[PDB]
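Below sits a lone chain in structure tokens, taken as the form deposited in one PDB entry.
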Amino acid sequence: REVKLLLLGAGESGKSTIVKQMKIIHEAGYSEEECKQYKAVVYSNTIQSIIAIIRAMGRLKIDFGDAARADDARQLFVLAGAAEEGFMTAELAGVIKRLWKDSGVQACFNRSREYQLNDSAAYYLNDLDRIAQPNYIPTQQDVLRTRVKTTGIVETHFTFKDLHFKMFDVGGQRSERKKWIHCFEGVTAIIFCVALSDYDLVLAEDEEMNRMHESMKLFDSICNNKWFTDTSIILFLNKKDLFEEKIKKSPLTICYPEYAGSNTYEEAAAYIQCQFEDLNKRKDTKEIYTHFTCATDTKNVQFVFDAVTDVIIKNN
């Protein structure tokens, strides 16, 4: 009846978002009090995103589309402190809206692989009127879209198909990887997450290292670890939604110079799957259970998790 699941993968791969989904799917979702706890995270993420774009404009030498935005940028810093405390005035919202709508700001936003920016920047910025309303309470999707890097070990429990799951989540940033070993005992299954959309990005800790290459190294280490011979290895090729949009405009050759396929979702997605699955040194004795996911999409995760659960019931 007992099942231990361990979520692994590089930073920003979506591990913690999968954990949040278990609450929505298996429990009754986030309560009003719990949602309110995320209000300051949504506001902080929103302000940090617009600030990151404005910072990049200086570094890349991009001017504002309309000159009047310079004073809005000044007012952004004067007012930014409140959001961080869970407050969002109409004045601050207006400043952020005008900045977000500016052509120069948009030009910089569209060059985000050149700096570090939250995947949920557009999600919150495009929905400013809603999140800025007085008495705003985060929705389940707003909670799922929040971003806070994991430190330490998060343990979550839930019952599904008469099984009591004990799910462990850890940080994927370089500084937190030394902690993965504390979770290595009695693992029924490992869910290794990979952000498909990372193929053209670089690590925050190092701008010379391709994020997908880093992910591959980690997977090769985990999948081939003799300690995990009897542990089910589940591979979540995550952020499939972002990958579908990006493949249309950013060459996969940035990551795999030898890629000869077209810039289409199906071909490119299958190529990446093969690149990771080929790292398995024991293809005849060890199976990898791969699924393409969008961690923020509850219905997608529900069906994928139901499928993963059967594999676990049947094998472990």
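We number the residues from 1 along the sequence you see. Only residues modelled in both forms are compared. Rigid core (definition): largest C-alpha set, two forms, superposition within 1.5 Å.
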item: Between the two ranges 296-304 and 21-29, the one averaging a larger CA B factor in the entry; value: 21-29
item: Mean C-alpha B-factor comparison - 1-9 and 307-315, higher one; value: 307-315
item: Of the residues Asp241, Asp220, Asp119, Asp142, the one carrying the largest Cα B-factor as recorded; value: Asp119
item: Out of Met216, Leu128, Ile181, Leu235, highest CA B-factor residue; value: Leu128
item: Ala52 CA temperature factor, ranked by third within the chain; value: lowest
item: Position of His291 among the chain's modelled residues by C-alpha B-factor, lowest, middle or highest third; value: lowest
item: B-factor third for the C-alpha atom of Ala195 within its chain; value: lowest
item: Where the record places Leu279 (Cα B-factor, split into thirds across the chain); value: lowest
item: Ranked against its chain, the third holding the CA B-factor of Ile247; value: middle
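Beyond the structure shown, there is the form deposited in another entry, which is absent from this document and is the topic of what follows.
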{"property": "Moved residue between the shown form and the other one - picked from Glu84, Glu114, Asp220, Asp127, where its Cα shifts 2 angstroms or more relative to the rigid core", "result": "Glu84"}
{"property": "In the other form, shift in Cα separation for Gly86 relative to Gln116, 3 Å or more", "result": "closer"}
{"property": "Cα separation of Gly86 and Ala56 in the other form versus here, shift of 3 Å or more", "result": "closer"}
{"property": "Mobile segments between the shown form and the other one [3+ consecutive residues, each C-alpha shifted 2 angstroms or more, core superposed]", "result": "80-87, 170-172"}
